[PDB]
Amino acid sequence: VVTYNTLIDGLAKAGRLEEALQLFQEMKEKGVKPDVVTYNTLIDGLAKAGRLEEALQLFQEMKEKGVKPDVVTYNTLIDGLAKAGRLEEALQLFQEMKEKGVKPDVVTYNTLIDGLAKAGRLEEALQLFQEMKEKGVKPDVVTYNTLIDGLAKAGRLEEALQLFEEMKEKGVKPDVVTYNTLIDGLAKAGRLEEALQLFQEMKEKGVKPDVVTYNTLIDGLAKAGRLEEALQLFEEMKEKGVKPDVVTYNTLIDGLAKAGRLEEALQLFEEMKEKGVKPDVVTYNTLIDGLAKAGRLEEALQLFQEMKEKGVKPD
């Protein structure tokens, strides 16, 4: 069953869901019984593929088949419903798991807190944070990161920083994601100097900046009118073997264009093409906006044609 499970999971994660569903059928034919991991894996692949209804059929199928859902089953479904905007049903599954004696774990609480924060229901999220504490389910680096992000984005950056305090004090070591989240939140709140000090500090703590780190500061510097430093960090991260990705390029294209520096931006569009980093819908959209605003509408219309011709769907 483990062979089929691993392949199924590999196929789903590569977007080859129909092959996955094929193998699921093969293993039943061949007398290799799906277990809870088989179903969990297919349910997670389907949800992530936009195919929540078929995922909900398989959940029904495993109960029909005597294969009891486990904490990972419920976590996977809760996260899928939450992301698809179905938070109320996710909250009802969380009630249902407790009623059935399937103990929620730190991932359960984390998933829910994230879904609640992103839905605007930060006070509820903070209640659950309280609740997991009273229930003896210890917050981990991910709980803290989730809350720090939710707070900052709700414009509650002071709490967010208190919480970074609490975290360090209870021996939860901030990781690259913590630093990345706080850097973005500070930058977006116009506290760019503190964000650049945190950049220095994570390097001192041996917590290596990653692409997300550089992307975040690059954007933060661009929008603050510090394009030269932003272009400096671009060169730097390359010199340090941290590969610019599509986001890095789009960010820099957009900052060059709003700064009046469109031929540089069109240069990078070329450059990323050369370097096999494929422009995505955000790339095209940024370029089209920049060209239009510079009075180069004929060229923006031509790019719109190009993105469609190349299968990058306009949104």
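Residue positions are given as counts along the sequence shown, with the first one as 1.
Here 101 to 109 and 154 to 162 are compared by their mean Cα B-factor, and 154 to 162 comes out higher. The deposited model assigns a higher average Cα B-factor to 228 to 236 than to the other stretch when 228 to 236 and 173 to 181 are compared.
Note on the listed residues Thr248, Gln267, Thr286, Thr38: the highest Cα temperature factor in the record is that of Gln267. Note on the listed residues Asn145, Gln130, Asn215, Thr76: the highest Cα temperature factor in the record is that of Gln130. In this PDB entry, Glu18 carries a Cα temperature factor that places it within the highest third of its chain's modelled residues. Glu201: CA B factor lies in the middle third for its chain, per the PDB record. Sorting the modelled residues of the chain by their CA temperature factor places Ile43 in the lowest third. Among the modelled residues of its chain, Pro139 has a C-alpha B-factor that falls in the middle third, as given in the PDB entry. Sorting the modelled residues of the chain by their CA temperature factor places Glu61 in the middle third.
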